[PDB]
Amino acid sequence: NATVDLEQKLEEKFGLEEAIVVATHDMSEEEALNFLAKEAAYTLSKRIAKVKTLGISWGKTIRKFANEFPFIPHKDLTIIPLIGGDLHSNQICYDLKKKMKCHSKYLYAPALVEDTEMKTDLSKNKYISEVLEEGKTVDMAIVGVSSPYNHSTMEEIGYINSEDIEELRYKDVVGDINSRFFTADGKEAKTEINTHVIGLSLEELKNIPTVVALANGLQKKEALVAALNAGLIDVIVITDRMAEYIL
């Protein structure tokens, strides 16, 4: 297979556990994203069958994954949101829980609290703290990778504004995973936003045994490549078009 060929090449290049590459015939970026979601759901349902605990992030790509996810029971699973706040981790986790008839936890908190004192009180409430600690110990996690630039989801939803974007640029940010903004070396930038997010940090993510990332769109190359080089990701699910571009 050219496909198996690309998967091998990606595993060798980035030191991945696995690369799942999806063959796009003649699809737009948008049509490829839906197909990637569908195939991710199919293939990843098999891995998820094997784990006890599953952490989920947020966003459009993960929302699509969840919509495509099959109705196979896994009643002993516990699903944990990795970030506070339709596209929200809590609602995604609940929808997956309904499909698997399993357990889930709710992160009773906003994703981004600019008020430092409030952020601090919430981070220390006991049900919030317990769900955060459960996130840190999941067997596997599914995340998206995004770029805060060129009119992204977070900006279009009013999560970050243009002044936050200029701060990120000034700080040489290249991408985000689980609303943590990282530089080219894959480390969280020293920036206010990163210290005000309620959810799993990049260093916490790096300690999860299997982190799966779903990404599409060539504008995310820089973000993805940096994440992959930093070892934040163990398994990628991407299109063959994206694979060619990042190889």
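One-based numbering along the sequence shown.
Legend entry - Unresolved deposited residues lying between neighbours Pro110 and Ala111: According to the record, the chain runs unbroken from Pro110 to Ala111.
Inset, instruction - Return whichever of 147 to 155 and 163 to 171 has the greater mean Cα B factor according to the PDB record. - result: Here the higher of the two C-alpha B-factor means belongs to 147 to 155.
Legend entry - Mean C-alpha B-factor comparison - 97 to 105 and 111 to 119, higher one: It is 111 to 119 that shows the higher mean C-alpha B-factor.
Inset, instruction - Could you check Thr43, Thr53, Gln219, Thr183 and tell me which one carries the biggest Cα B-factor in the deposited entry? - result: If I rank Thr43, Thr53, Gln219, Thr183 by C-alpha B-factor, first place goes to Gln219.
Inset, instruction - Pick out which of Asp26, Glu188, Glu68, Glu204 has the highest C-alpha B-factor in the PDB entry. - result: Top of the list by C-alpha B-factor: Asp26.
Inset, instruction - Report the third (lowest, middle or highest) to which the CA temperature factor of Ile72 belongs, ranking only the modelled residues of the same chain. - result: Highest third - that is where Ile72 ends up once the chain's C-alpha B-factors are sorted.
Legend entry - Entry-reported Cα temperature factor of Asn125, expressed as the chain third it lands in: According to the entry, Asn125 has a C-alpha B-factor in the chain's highest third.
Inset, instruction - State the tercile, meaning the lowest, middle or highest third, of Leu200 with respect to the CA B-factors recorded for its chain. - result: For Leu200, the deposited C-alpha B-factor lands in the lowest third.
Inset, instruction - Sort the modelled residues of this chain by their C-alpha B factor and say whether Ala32 lands in the lowest, middle or highest third. - result: Highest third of the chain for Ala32's C-alpha B-factor.
Legend entry - Where the record places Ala215 (Cα B-factor, split into thirds across the chain): For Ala215, whose C-alpha B-factor we compare with every modelled residue in the chain, the answer is the middle third.
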